[PDB]
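>>> experimental structure and sequence below, a few questions after.
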Amino acid sequence: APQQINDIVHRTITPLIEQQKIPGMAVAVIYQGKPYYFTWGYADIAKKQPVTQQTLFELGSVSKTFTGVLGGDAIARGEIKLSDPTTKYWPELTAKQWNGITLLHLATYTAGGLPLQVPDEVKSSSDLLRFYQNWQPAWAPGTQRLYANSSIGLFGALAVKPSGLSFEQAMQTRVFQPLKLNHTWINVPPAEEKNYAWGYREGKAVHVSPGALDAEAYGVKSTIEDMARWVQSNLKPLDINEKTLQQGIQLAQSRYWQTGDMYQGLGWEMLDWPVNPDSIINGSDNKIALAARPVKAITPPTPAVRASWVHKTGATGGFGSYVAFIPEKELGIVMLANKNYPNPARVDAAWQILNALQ
Ligand SMILES: *[B]([O])([O])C1=[C]N(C2=[C][C]=[C]C(Cl)=[C]2)N=[C]1
Ligand SMILES: OB(O)c1cnn(-c2cccc(Cl)c2)c1
(Lines give C-alpha, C1' and ligand atoms only; values in the text may rest on other atoms or scores of the structure.)
(Ligands and ions follow the chains in the order given, each with its own letter.)
Protein backbone atom coordinates (compact mmCIF):
# COMPACT_ATOMS: atom_id res chain seq x y z
CA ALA A 1 0.00 0.00 0.00
CA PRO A 2 2.32 2.73 -1.37
CA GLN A 3 2.17 5.94 0.60
CA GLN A 4 1.18 7.95 -2.45
CA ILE A 5 -1.97 5.90 -2.81
CA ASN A 6 -2.76 5.97 0.88
CA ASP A 7 -2.34 9.73 1.00
CA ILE A 8 -4.36 10.66 -2.08
CA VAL A 9 -7.17 8.29 -1.21
CA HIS A 10 -7.49 9.45 2.37
CA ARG A 11 -7.00 13.12 1.54
CA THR A 12 -9.88 12.98 -0.94
CA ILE A 13 -12.30 10.54 0.66
CA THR A 14 -12.21 11.72 4.25
CA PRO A 15 -13.57 15.21 3.45
CA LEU A 16 -16.04 13.66 1.01
CA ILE A 17 -17.49 11.44 3.76
CA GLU A 18 -17.68 14.46 6.07
CA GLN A 19 -19.36 16.81 3.55
CA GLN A 20 -21.84 14.23 2.32
CA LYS A 21 -22.54 12.59 5.71
CA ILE A 22 -21.87 9.13 4.28
CA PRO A 23 -22.41 6.42 6.92
CA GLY A 24 -20.10 3.83 5.37
CA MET A 25 -17.80 3.60 2.37
CA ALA A 26 -15.38 1.20 0.68
CA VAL A 27 -12.88 2.17 -2.02
CA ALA A 28 -10.56 0.10 -4.23
CA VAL A 29 -7.82 1.62 -6.32
CA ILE A 30 -6.38 -0.59 -9.05
CA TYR A 31 -2.83 0.61 -9.64
CA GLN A 32 -0.60 -1.03 -12.22
CA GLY A 33 -3.17 -3.79 -12.19
CA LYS A 34 -3.12 -4.52 -8.39
CA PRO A 35 -5.92 -3.55 -5.97
CA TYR A 36 -5.61 -1.58 -2.76
CA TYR A 37 -8.57 -1.35 -0.40
CA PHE A 38 -9.86 1.31 2.00
CA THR A 39 -12.92 1.27 4.26
CA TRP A 40 -14.66 3.75 6.59
CA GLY A 41 -17.68 3.87 8.82
CA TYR A 42 -20.69 1.65 9.21
CA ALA A 43 -22.50 -0.98 7.17
CA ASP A 44 -25.22 -1.01 9.85
CA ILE A 45 -25.39 1.98 12.19
CA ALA A 46 -27.88 0.45 14.61
CA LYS A 47 -25.93 -2.78 15.10
CA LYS A 48 -22.53 -1.03 14.99
CA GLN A 49 -21.27 -3.21 12.10
CA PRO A 50 -18.26 -1.64 10.34
CA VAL A 51 -17.77 -1.59 6.56
CA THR A 52 -15.20 -4.28 5.69
CA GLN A 53 -13.77 -5.72 2.44
CA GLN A 54 -16.58 -8.28 2.60
CA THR A 55 -19.52 -5.87 2.99
CA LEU A 56 -22.09 -6.06 0.20
CA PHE A 57 -23.39 -2.80 -1.25
CA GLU A 58 -26.23 -2.22 -3.75
CA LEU A 59 -24.56 -1.24 -7.00
CA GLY A 60 -27.69 0.30 -8.49
CA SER A 61 -27.08 1.13 -12.16
CA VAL A 62 -23.45 -0.06 -12.10
CA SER A 63 -25.40 -3.33 -12.66
CA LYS A 64 -25.93 -2.06 -16.24
CA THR A 65 -22.25 -2.79 -16.91
CA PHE A 66 -22.80 -6.48 -16.02
CA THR A 67 -25.93 -6.56 -18.18
CA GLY A 68 -23.97 -5.01 -21.03
CA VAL A 69 -21.11 -7.53 -20.78
CA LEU A 70 -23.56 -10.45 -20.48
CA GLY A 71 -25.24 -9.21 -23.68
CA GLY A 72 -21.83 -8.88 -25.26
CA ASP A 73 -21.09 -12.49 -24.32
CA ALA A 74 -24.38 -13.62 -25.90
CA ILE A 75 -23.39 -11.82 -29.13
CA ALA A 76 -19.98 -13.50 -29.00
CA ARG A 77 -21.78 -16.85 -28.51
CA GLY A 78 -23.74 -16.18 -31.72
CA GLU A 79 -27.01 -16.35 -29.74
CA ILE A 80 -28.17 -12.82 -30.57
CA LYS A 81 -27.15 -9.94 -32.90
CA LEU A 82 -27.46 -6.28 -31.99
CA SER A 83 -28.80 -5.73 -35.48
CA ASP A 84 -31.73 -8.13 -34.72
CA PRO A 85 -35.24 -6.59 -34.42
CA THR A 86 -36.57 -6.59 -30.85
CA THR A 87 -39.52 -8.59 -32.23
CA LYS A 88 -37.28 -11.51 -33.12
CA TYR A 89 -36.99 -12.38 -29.39
CA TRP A 90 -40.43 -11.11 -28.38
CA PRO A 91 -42.84 -12.05 -31.21
CA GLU A 92 -45.79 -10.94 -29.05
CA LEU A 93 -44.54 -7.35 -29.44
CA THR A 94 -46.72 -6.82 -32.53
CA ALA A 95 -47.44 -3.06 -32.29
CA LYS A 96 -46.19 -1.09 -35.35
CA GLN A 97 -43.97 1.31 -33.44
CA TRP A 98 -41.53 -1.57 -32.80
CA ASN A 99 -40.73 -1.88 -36.50
CA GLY A 100 -37.15 -0.76 -36.84
CA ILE A 101 -36.28 -0.95 -33.10
CA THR A 102 -33.33 -3.31 -32.67
CA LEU A 103 -31.50 -4.84 -29.70
CA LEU A 104 -28.85 -2.16 -30.32
CA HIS A 105 -31.42 0.59 -29.65
CA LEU A 106 -32.56 -1.12 -26.46
CA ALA A 107 -29.04 -1.68 -25.17
CA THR A 108 -27.98 1.93 -25.76
CA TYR A 109 -31.14 3.91 -24.77
CA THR A 110 -31.80 4.94 -28.37
CA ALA A 111 -35.15 3.27 -29.12
CA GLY A 112 -36.91 6.62 -29.29
CA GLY A 113 -37.87 7.58 -25.76
CA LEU A 114 -38.48 4.51 -23.62
CA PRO A 115 -38.97 5.92 -20.09
CA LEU A 116 -36.43 6.01 -17.29
CA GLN A 117 -38.62 3.82 -15.08
CA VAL A 118 -40.94 0.91 -15.68
CA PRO A 119 -44.14 2.03 -13.99
CA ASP A 120 -44.59 0.71 -10.43
CA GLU A 121 -47.97 -0.66 -11.44
CA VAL A 122 -46.21 -3.14 -13.71
CA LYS A 123 -46.16 -6.21 -11.50
CA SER A 124 -46.90 -9.18 -13.80
CA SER A 125 -45.34 -10.28 -17.08
CA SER A 126 -48.59 -9.59 -18.98
CA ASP A 127 -48.39 -6.11 -17.40
CA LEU A 128 -44.94 -5.77 -18.97
CA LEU A 129 -46.11 -6.83 -22.45
CA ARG A 130 -49.00 -4.37 -22.22
CA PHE A 131 -46.66 -1.55 -21.22
CA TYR A 132 -44.26 -2.01 -24.16
CA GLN A 133 -47.12 -2.59 -26.64
CA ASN A 134 -48.75 0.68 -25.59
CA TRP A 135 -45.58 2.77 -25.38
CA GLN A 136 -45.44 5.55 -28.00
CA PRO A 137 -42.01 6.78 -29.12
CA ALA A 138 -41.35 10.49 -29.23
CA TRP A 139 -38.53 10.00 -31.71
CA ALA A 140 -37.41 7.78 -34.56
CA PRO A 141 -35.08 4.94 -33.56
CA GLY A 142 -31.40 5.81 -33.37
CA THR A 143 -31.87 9.57 -33.22
CA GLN A 144 -31.97 10.44 -29.50
CA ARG A 145 -30.57 9.02 -26.27
CA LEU A 146 -32.69 8.87 -23.13
CA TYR A 147 -31.11 6.94 -20.25
CA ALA A 148 -33.67 4.33 -19.30
CA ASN A 149 -34.21 1.16 -17.24
CA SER A 150 -37.07 0.16 -19.49
CA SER A 151 -34.59 0.20 -22.42
CA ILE A 152 -31.47 -1.65 -21.22
CA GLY A 153 -33.52 -3.75 -18.78
CA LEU A 154 -35.49 -5.21 -21.70
CA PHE A 155 -32.28 -5.74 -23.68
CA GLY A 156 -30.91 -7.85 -20.79
CA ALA A 157 -34.06 -9.93 -20.51
CA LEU A 158 -34.16 -10.59 -24.30
CA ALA A 159 -30.42 -11.14 -24.64
CA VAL A 160 -30.60 -14.34 -22.56
CA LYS A 161 -33.71 -15.82 -24.20
CA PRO A 162 -31.91 -18.05 -26.74
CA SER A 163 -29.78 -19.58 -23.94
CA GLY A 164 -33.00 -20.69 -22.21
CA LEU A 165 -31.35 -19.64 -18.94
CA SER A 166 -33.01 -17.25 -16.54
CA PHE A 167 -31.30 -13.86 -16.43
CA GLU A 168 -29.84 -14.68 -12.98
CA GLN A 169 -28.57 -18.10 -14.08
CA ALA A 170 -27.00 -16.69 -17.20
CA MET A 171 -25.31 -13.92 -15.21
CA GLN A 172 -24.05 -16.38 -12.56
CA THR A 173 -22.76 -19.02 -14.94
CA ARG A 174 -21.42 -16.80 -17.75
CA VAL A 175 -20.08 -13.75 -15.93
CA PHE A 176 -19.80 -14.06 -12.11
CA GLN A 177 -18.44 -17.60 -11.96
CA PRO A 178 -15.75 -17.35 -14.67
CA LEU A 179 -14.50 -14.10 -13.13
CA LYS A 180 -14.48 -15.56 -9.59
CA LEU A 181 -16.94 -12.96 -8.39
CA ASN A 182 -18.08 -15.31 -5.61
CA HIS A 183 -19.61 -12.56 -3.42
CA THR A 184 -21.64 -10.80 -6.13
CA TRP A 185 -25.39 -11.46 -6.20
CA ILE A 186 -28.63 -10.51 -7.91
CA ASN A 187 -30.42 -12.01 -4.91
CA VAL A 188 -28.46 -11.96 -1.65
CA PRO A 189 -28.48 -15.48 -0.20
CA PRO A 190 -29.28 -15.95 3.53
CA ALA A 191 -25.66 -17.11 4.14
CA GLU A 192 -24.43 -13.67 3.05
CA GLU A 193 -27.05 -11.48 4.82
CA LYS A 194 -24.59 -10.85 7.71
CA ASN A 195 -22.55 -8.88 5.21
CA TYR A 196 -25.34 -6.96 3.46
CA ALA A 197 -25.04 -3.27 4.42
CA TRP A 198 -28.16 -1.21 5.03
CA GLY A 199 -28.62 1.83 2.80
CA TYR A 200 -29.56 5.13 4.39
CA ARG A 201 -32.14 7.48 2.95
CA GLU A 202 -33.13 10.47 5.10
CA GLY A 203 -31.65 8.65 8.07
CA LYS A 204 -33.73 5.50 7.59
CA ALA A 205 -32.23 2.03 6.92
CA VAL A 206 -33.46 0.82 3.51
CA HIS A 207 -32.86 -1.92 0.92
CA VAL A 208 -34.00 -1.89 -2.72
CA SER A 209 -37.52 -3.27 -3.26
CA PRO A 210 -38.53 -5.74 -5.99
CA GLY A 211 -39.54 -4.16 -9.29
CA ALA A 212 -39.91 -5.04 -12.94
CA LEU A 213 -36.59 -5.62 -14.75
CA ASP A 214 -34.78 -4.93 -11.46
CA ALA A 215 -32.11 -7.62 -11.92
CA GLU A 216 -31.34 -6.44 -15.44
CA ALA A 217 -31.26 -2.70 -14.80
CA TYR A 218 -30.10 -2.09 -11.21
CA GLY A 219 -30.22 -5.15 -9.02
CA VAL A 220 -26.66 -6.40 -8.40
CA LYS A 221 -25.01 -6.31 -4.95
CA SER A 222 -21.25 -6.82 -4.54
CA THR A 223 -18.23 -6.38 -2.28
CA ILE A 224 -15.31 -4.00 -2.81
CA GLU A 225 -13.06 -7.02 -3.56
CA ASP A 226 -15.32 -8.40 -6.29
CA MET A 227 -15.76 -4.96 -7.77
CA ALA A 228 -12.00 -4.45 -7.96
CA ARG A 229 -11.84 -7.77 -9.76
CA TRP A 230 -14.61 -6.51 -12.12
CA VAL A 231 -12.50 -3.46 -12.89
CA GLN A 232 -9.35 -5.59 -13.45
CA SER A 233 -11.35 -7.79 -15.86
CA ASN A 234 -12.61 -4.79 -17.78
CA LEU A 235 -9.13 -3.21 -17.86
CA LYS A 236 -7.53 -6.33 -19.30
CA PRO A 237 -10.08 -8.53 -21.08
CA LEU A 238 -7.37 -10.44 -22.90
CA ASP A 239 -6.34 -12.20 -19.65
CA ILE A 240 -9.80 -13.77 -19.45
CA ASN A 241 -9.67 -17.41 -20.56
CA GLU A 242 -13.30 -17.82 -21.63
CA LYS A 243 -13.30 -16.57 -25.22
CA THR A 244 -16.88 -15.33 -25.50
CA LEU A 245 -16.57 -13.41 -22.24
CA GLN A 246 -13.31 -11.73 -23.28
CA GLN A 247 -15.08 -10.71 -26.47
CA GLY A 248 -18.22 -9.59 -24.61
CA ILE A 249 -16.18 -7.25 -22.46
CA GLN A 250 -14.60 -5.69 -25.52
CA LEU A 251 -18.02 -5.34 -27.16
CA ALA A 252 -19.39 -3.54 -24.08
CA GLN A 253 -16.61 -0.94 -24.44
CA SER A 254 -17.09 -0.33 -28.14
CA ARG A 255 -18.38 3.10 -29.07
CA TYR A 256 -21.91 2.99 -30.61
CA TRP A 257 -23.17 6.59 -30.34
CA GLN A 258 -21.74 9.95 -29.45
CA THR A 259 -23.40 12.80 -27.62
CA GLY A 260 -21.24 15.76 -26.82
CA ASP A 261 -17.94 14.32 -25.65
CA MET A 262 -19.34 11.02 -24.40
CA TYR A 263 -19.63 7.69 -26.20
CA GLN A 264 -22.26 5.12 -25.33
CA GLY A 265 -21.08 1.48 -24.79
CA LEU A 266 -23.17 -1.45 -23.59
CA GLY A 267 -23.77 -0.30 -19.99
CA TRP A 268 -20.35 1.39 -19.89
CA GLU A 269 -19.98 5.04 -20.98
CA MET A 270 -16.64 6.30 -22.30
CA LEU A 271 -14.74 9.55 -22.98
CA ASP A 272 -11.35 10.07 -24.61
CA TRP A 273 -8.45 10.20 -22.13
CA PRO A 274 -7.16 12.76 -21.12
CA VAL A 275 -10.63 13.98 -20.21
CA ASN A 276 -11.67 17.38 -19.24
CA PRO A 277 -12.66 16.88 -15.58
CA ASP A 278 -15.42 19.54 -15.72
CA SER A 279 -16.88 17.58 -18.58
CA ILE A 280 -17.18 14.26 -16.73
CA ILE A 281 -17.92 15.93 -13.37
CA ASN A 282 -20.71 18.22 -14.66
CA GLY A 283 -21.80 15.53 -17.11
CA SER A 284 -22.53 13.06 -14.28
CA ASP A 285 -25.13 15.37 -12.74
CA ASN A 286 -28.58 13.87 -13.41
CA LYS A 287 -29.66 17.19 -14.97
CA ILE A 288 -27.45 16.13 -17.88
CA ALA A 289 -27.10 12.36 -17.47
CA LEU A 290 -30.86 11.75 -17.54
CA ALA A 291 -31.72 14.36 -20.25
CA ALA A 292 -32.90 13.57 -23.84
CA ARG A 293 -30.00 14.29 -26.20
CA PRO A 294 -29.53 13.86 -29.97
CA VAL A 295 -26.95 11.19 -30.86
CA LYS A 296 -24.60 10.70 -33.78
CA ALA A 297 -24.33 7.11 -34.95
CA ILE A 298 -20.82 5.69 -35.02
CA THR A 299 -20.97 3.60 -38.16
CA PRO A 300 -19.53 1.03 -37.57
CA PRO A 301 -18.86 1.22 -33.85
CA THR A 302 -15.31 1.97 -32.83
CA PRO A 303 -13.72 -0.99 -31.03
CA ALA A 304 -12.77 -0.51 -27.39
CA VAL A 305 -10.28 2.39 -27.20
CA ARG A 306 -7.52 1.92 -24.62
CA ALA A 307 -7.03 5.67 -24.06
CA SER A 308 -10.47 6.17 -22.48
CA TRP A 309 -12.03 7.14 -19.25
CA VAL A 310 -14.58 4.34 -18.93
CA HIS A 311 -17.12 4.75 -16.14
CA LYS A 312 -20.61 4.26 -14.72
CA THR A 313 -22.49 5.80 -11.86
CA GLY A 314 -25.06 3.80 -9.83
CA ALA A 315 -27.69 4.54 -7.20
CA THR A 316 -30.52 3.00 -5.31
CA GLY A 317 -32.67 4.72 -2.64
CA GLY A 318 -30.00 4.07 -0.01
CA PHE A 319 -26.73 3.59 -1.96
CA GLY A 320 -24.37 5.49 -4.26
CA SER A 321 -21.69 3.73 -6.34
CA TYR A 322 -19.14 4.76 -8.95
CA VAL A 323 -16.64 2.87 -11.08
CA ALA A 324 -14.09 4.45 -13.46
CA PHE A 325 -10.97 3.12 -15.17
CA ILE A 326 -8.39 3.93 -17.82
CA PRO A 327 -7.25 0.85 -19.81
CA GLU A 328 -4.08 2.37 -21.22
CA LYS A 329 -2.87 3.28 -17.70
CA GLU A 330 -3.87 0.04 -15.95
CA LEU A 331 -5.60 2.33 -13.46
CA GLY A 332 -9.06 2.40 -11.91
CA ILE A 333 -11.26 3.01 -8.92
CA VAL A 334 -14.40 1.68 -7.26
CA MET A 335 -16.29 3.81 -4.71
CA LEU A 336 -19.19 2.10 -2.86
CA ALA A 337 -21.28 4.02 -0.24
CA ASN A 338 -24.49 3.34 1.62
CA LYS A 339 -25.96 6.77 0.95
CA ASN A 340 -27.08 8.04 -2.47
CA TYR A 341 -25.01 11.27 -2.57
CA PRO A 342 -24.68 13.55 -5.66
CA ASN A 343 -22.97 12.10 -8.77
CA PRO A 344 -20.62 15.07 -9.37
CA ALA A 345 -19.05 14.63 -5.94
CA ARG A 346 -18.30 10.98 -6.84
CA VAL A 347 -16.68 11.83 -10.11
CA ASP A 348 -14.74 14.79 -8.66
CA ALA A 349 -13.22 12.52 -5.98
CA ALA A 350 -12.46 9.75 -8.51
CA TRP A 351 -10.72 12.14 -10.90
CA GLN A 352 -8.70 13.77 -8.08
CA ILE A 353 -7.48 10.25 -7.13
CA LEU A 354 -6.80 8.85 -10.61
CA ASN A 355 -5.23 12.07 -11.85
CA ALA A 356 -2.71 12.11 -8.97
CA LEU A 357 -1.73 8.51 -9.71
CA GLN A 358 -1.73 8.64 -13.52
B1 LIG B 1 -29.40 3.74 -11.94
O2 LIG B 1 -28.70 3.78 -10.61
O3 LIG B 1 -29.03 5.03 -12.59
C4 LIG B 1 -30.94 3.62 -11.60
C5 LIG B 1 -31.50 2.84 -10.59
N6 LIG B 1 -32.82 3.03 -10.55
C7 LIG B 1 -33.71 2.49 -9.69
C8 LIG B 1 -33.30 2.15 -8.40
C9 LIG B 1 -34.21 1.61 -7.49
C10 LIG B 1 -35.53 1.43 -7.85
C11 LIG B 1 -35.94 1.80 -9.11
CL12 LIG B 1 -37.62 1.58 -9.55
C13 LIG B 1 -35.05 2.34 -10.03
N14 LIG B 1 -33.14 3.90 -11.53
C15 LIG B 1 -32.03 4.30 -12.17
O1 LIG C 1 -14.67 -2.78 -38.11
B2 LIG C 1 -15.39 -2.11 -37.08
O3 LIG C 1 -14.66 -1.07 -36.38
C4 LIG C 1 -16.47 -3.09 -36.29
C5 LIG C 1 -16.74 -4.41 -36.63
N6 LIG C 1 -17.67 -4.88 -35.77
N7 LIG C 1 -18.01 -3.87 -34.91
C8 LIG C 1 -18.88 -4.00 -33.88
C9 LIG C 1 -18.70 -3.23 -32.74
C10 LIG C 1 -19.56 -3.40 -31.66
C11 LIG C 1 -20.59 -4.33 -31.72
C12 LIG C 1 -20.74 -5.09 -32.85
CL13 LIG C 1 -22.02 -6.24 -32.93
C14 LIG C 1 -19.89 -4.94 -33.93
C15 LIG C 1 -17.28 -2.77 -35.21
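Nice, I can see it. Numbering: from 1, shown residues only. Ligands and ions are numbered 1, 2, ... in the order given.
>>> hey, what's residue 36 bridged with?
When assigned by DSSP bridges, residue 36 has beta-bridge partners residue 29.
>>> who's in contact with whichever residue of the stretch 101-250 of the chain sits closest to ligand 2?
For the stretch 101-250 of the chain, the residue positioned closest to ligand 2 under C-beta to the nearest ligand atom is residue 104, at a distance of 7.8 Å. To be clear about C-beta, it is placed using only N, CA and C from the backbone, and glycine gets the same treatment. If a contact means C-beta atoms under 8 Å, 6 or more residues apart in numbering, then residue 104 has 82, 83, 110, 142, 256 as its contacts.
>>> then residue 329?
Contacts of residue 329 were listed using C-beta under 8 Å, 6+ apart, and they are 273, 358.
>>> let's see that with 10 Å instead.
Taking C-beta atoms under 10 Å, 6 or more residues apart in numbering, we find residue 329 in contact with 30, 31, 32, 235, 273, 306, 307, 309, 354, 357, 358.
>>> do you know how far it is from ligand 2?
In this structure, residue 329 and ligand 2 are separated by 23 Å, where distance is defined by C-beta to the nearest ligand atom, to the nearest Å.
>>> phi, psi for that residue please.
phi -110, psi 0 (degrees, to the nearest 10).
>>> tell me the helices in the stretch 1-150 of the chain, going along the chain?
Taking DSSP state H, counting those that start in this stretch to define them, one finds helices in the stretch 1-150 of the chain at 3-20, 63-76, 103-108, 125-134, 149-159.
>>> out of those helices, nearest to residue 181?
Using C-beta to C-beta as the criterion, the shortest distance between residue 181 and the helices of the stretch 1-150 of the chain is 9.0 Å, found for helix 63-76.
>>> relative to helix 149-159, how tilted is that closest one?
Between the direction of helix 63-76 and that of helix 149-159, the angle (axes from the mean of the first three to the mean of the last three C-alpha atoms, to 10 degrees) works out to 30 degrees.
>>> what about the strands in the stretch 151-300 of the chain?
Counting by DSSP state E, counting those that start in this stretch, the stretch 151-300 of the chain has these strands, from start to end: 184-185, 199-201, 204-206, 221-222, 255-259, 262-264, 269-272, 293-294, 296-302.
>>> deepest of those strands, which one?
Compared across these, strand 221-222 shows the largest average neighbour count, a mean of 26 (mean count of other C-beta atoms under 10 Å).
>>> what residues does the stretch 201-350 of the chain have near ligand 2?
Taking C-beta under 6 Å from any ligand atom, the part of the stretch 201-350 of the chain that reaches ligand 2 is made up of 251, 254, 300, 301, 302, 303.
>>> what about the last one, distance to residue 270?
Between residue 303 and residue 270 the distance, using C-beta to C-beta, to the nearest Å, works out to 12 Å.
>>> what residues do the two have in common as contacts?
Taking C-beta under 10 Å, 6+ apart as the criterion, residue 303 and residue 270 both touch 253, 254, 255.
>>> from those residues, which is closest to ligand 1?
Among those, residue 253 lies closest to ligand 1 (C-beta to the nearest ligand atom), at 18.9 Å.
>>> contacts only, for the residue nearest the centre of the chain.
The chain has residue 62 as the residue nearest its centroid, 2.3 Å off, counting by C-alpha atoms, centre = their mean. Taking C-beta under 10 Å, 6+ apart, we find residue 62 in contact with 218, 220, 222, 227, 230, 267-268, 311-315, 319, 321-323, 334, 336.
>>> do residue 209 as well
Residues 120, 316, 317 are the ones in contact with residue 209 under the rule C-beta under 10 Å, 6+ apart.
>>> for the second one, grab phi and psi.
This points to residue 316. The phi/psi pair for residue 316 (degrees, to the nearest 10) reads phi -130, psi -170.
>>> quick check: end-to-end length of stretch 227-243?
Start to finish, the residues bounding stretch 227-243 are 21 Å apart (C-alpha to C-alpha, to the nearest Å).
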